[PDB]
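Counting neighbours? That spans all protein chains shown, and the Cβs are built from the backbone with ideal geometry, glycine included. Read the figures in this text as sums done on the coordinates, not as results from a lab.
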Ligand SMILES: [Ca+2]
C-alpha cells in the first residue's frame, strides 16, 4: 500500500479505547482531518499537503477504521457512536498536546466532528464538515426518494450479521460501488487508484466491515438519539463552522444544506463545490482552498 | 427432494402471453386464487389451502417470475414485475381456466398484485383478501426512520442492478432464512414447515429468481408507487368486498390501524388482527383459514 502523504509522519496514538492511527505533517495550529465511509485517512491525500503548508495536519483513521484499533462493540454500538468516537479522538489529540484544535470531517468523520462540537465545543477552534447534514436531519427527511438514495443507512443498520453476511460475499464490489455511485462522474475516476487500494484493502477485513455496520447501527440509533436531544433542546454548535457540500453529493439531495446547518450552528458559513460526495478527492483544489481560507480566519 | 405439500392438489402450467404460471389446483366450487409473496412460493399456502379446498376450487399460483412460474424478460421500467402487469398476466392465467370472476387472496407481494388487480379490473373479483399489507403508496408515504429500518429491503432491493443481486449472492441461504425468521412472531424458523423452507431456500438459490424479486421491488419503488398515486389522487377505491388480515406482530401494523388505512382505499372492507408475525398462513394457519372461509363464503 502506497504512502500518499510523502513527508508526513505516522503516529499510533494510544487511547483508553485503542490506538488511533494518524499521518502527521506540517506545522502551525493543529488541524484534525477525519475521513468517513467507506474510506480511510488517505482520502485526504490530495488536500492534506496544501493544508500542511499552514497547519499541523493530523490525518486520523476513525476509531475502528483503517489502521486504528477496533474497540469491541456492544449492544448499543457504544464505541462507534459519534459521541464515543469524539471522546476517543479528543483523548488522542490530548496525547499529542492538542486540547484545542481545528477539525474537518467528511461523511462519518464529519458526524464525529459536529458531535464533538456539540459535546465538547471548548476543544475546537473551528470546525468544517464536508457533505453532511446532522444524522437527525437525514432520518427526519427519510422519505421515499431519500430512502432510495441513501438506502445504505437502513441496510447497514440492520442487525448483525445480516449486512455483514451479504457484504462478505464480494466485499470489493460493494466498496467500489459505494465509491463510484457518489462521485459526480459515477465511476472511480476521481480517485487515485492507490487510494482505492487503501479503501479496498480496509474493506476486505471482515472485522473492519462489522465496525462500519456498527457505525451505521450507531447512526440509526444512539447517534440519532443524541442528535434528537440536542435539536429538541435547541442546543446549537457554538464553534465557528464551515459546511461544504457537493453539488452532486449526499447532503443537498433532501435539503438546502446551509439552511439546515443554521438550525444546528450559531455561526456557520457554507459553500457548494462542484463535486459528488467525495469533495477532497473529486474537487481537491476547491476544497483545500475553502478549508485554508476558513481555518486561516 | 422437494416435498409435495398439497396432497390431492394437481399441478397446472397455465400459459399466458408473458409466460407460464405454475399453480397447484385442488378442490371444487367457486374459484379462489391464492397469491404468495416474498420470499416465498405458492407452498406458503400449504397449511391453509387444504382447508379452503373444502369449499373452493383453490388455485395456488406462483407469481410471475417466482417459484416455478416463468420469468418474463424485464425492461428498463421493470414492467412485467409491476403489480399491474402481474395482475394482467394472472387475469389472463385465470381466463385460461375459464375463471373470469374469482375470489382472490394474496399475501405480501401477491397481496399487492391483488389490490392492484382489484383497482384495475374490479369486475374480475368476487371478493378480495389481503394479508399483512398496506398499499405500496402508504408504505412509501409513511417512510420515516422507524419504517425505513423495519422495511429496509424495500429500498435495498430497489437499488439499481446489479447491487442487490450481488449482495444477495453473498449469502442467499442466510438471506431468505433471515427474512423468514425476522418477520415471524417467534423470530426463528420454528413456525415454518422445514419442507416449505426448502422450497423457499431452493427458489432463492437461483440468481435469476433473485433478480426477478429485485425487479419486483424496483417496480415496488417506481411504477407500482406511481400507479397507486394516480388512484389516490383520482379517489379510486376498491369496490369489491375486501378482507384485510394483518399480523399483530406483522409489517402492516405499527401505530395506526391497517383497517383505517384500507378504508381510504376500499369501499367495503373488514379486517382482523391475527396473533402472528408477517407470515399469517404459516404462523397462524387455522386462524387464517377460518377468517378466509368465513369471508369468502359470505
Ligand atoms: Ca455467510
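Are there helices (runs of 4 or more DSSP H) fully within the stretch A:160-263 with at least 1 residues that are within 16 Å of the ligand (Cβ to nearest atom) and within 14 Å of another protein chain (Cβ to nearest Cβ)? List them.
A:162-167, A:171-181, A:206-220
Taking residue B:233 and the conditions (1) surrounded by fewer than 19 Cβ atoms within 10 Å (Cβ to Cβ); (2) in contact (Cβ under 8 Å) with a residue 40 or more places away in the chain, which numbered condition does it fall short on, given that it satisfies the others?
(2)
Looking only at the stretch B:126-135, count every residue that is surrounded by 21 or more Cβ atoms within 10 Å (Cβ to Cβ) and farther than 12 Å from residue B:266 by Cα and tell me the total.
Adding up the residues that qualify gives 3.
Conditions: (1) within 18 Å of residue B:107 (Cα to Cα); (2) more than 18 Å from the chain's Cα centre (by Cα); (3) without any contact (Cβ under 8 Å) to a residue 24 or more places away in the chain. Residue B:206 meets all but one. Number of the miss?
Only one criterion is unmet by residue B:206, namely (1).
Would you please name the residue that is nearest to residue B:39 (Cα to Cα), looking only at residues in the stretch B:188-200 that are in contact with a helix residue (DSSP H, G or I) (Cβ under 6 Å, 6 or more places away or on another chain) and without any contact (Cβ under 8 Å) to a residue 60 or more places away in the chain?
So the residue we want is B:189.
Answer yes or no as to whether residue A:113 is in contact with a strand residue (DSSP E or B) (Cβ under 6 Å, 6 or more places away or on another chain), farther than 20 Å from residue A:226 by Cα and in contact (Cβ under 8 Å) with a residue 12 or more places away in the chain.
no
Does the stretch A:247-280 hold any residues that are surrounded by 21 or more Cβ atoms within 10 Å (Cβ to Cβ) and touching a helix residue (DSSP H, G or I) at 6+ places or on another chain (Cβ under 6 Å), and which are they?
A:251, A:257, A:260, A:268, A:273, A:275, A:276, A:279, A:280
Quick one: which helices (runs of 4 or more DSSP H) lie wholly within the stretch A:36-135 and hold at least 1 residues that are over 24 Å from residue B:145 (Cβ atoms)?
Helices (runs of 4 or more DSSP H) meeting the threshold: A:48-52, A:82-95.
Among the residues of the stretch B:136-159 satisfying the criterion of being within 7 Å of chain A (Cβ to nearest Cβ) and part of a helix (DSSP H, G or I), which is surrounded by the most Cβ atoms within 10 Å (Cβ to Cβ)?
B:155
Only one residue in B:173, B:216 is under 20 Å from the mean Cα position of the chain (by Cα) and in contact (Cβ under 8 Å) with a residue 12 or more places away in the chain. Which one?
The match here is B:216.
In the stretch A:2-40, what residues are at negative phi and surrounded by fewer than 16 Cβ atoms within 10 Å (Cβ to Cβ)?
Result: A:2, A:3, A:6, A:9, A:10, A:12, A:14, A:16, A:27.
Looking at the stretch B:52-64, which of its residues are surrounded by fewer than 24 Cβ atoms within 10 Å (Cβ to Cβ) and under 12 Å from residue B:6 (Cβ atoms)?
B:53, the sole residue that qualifies.
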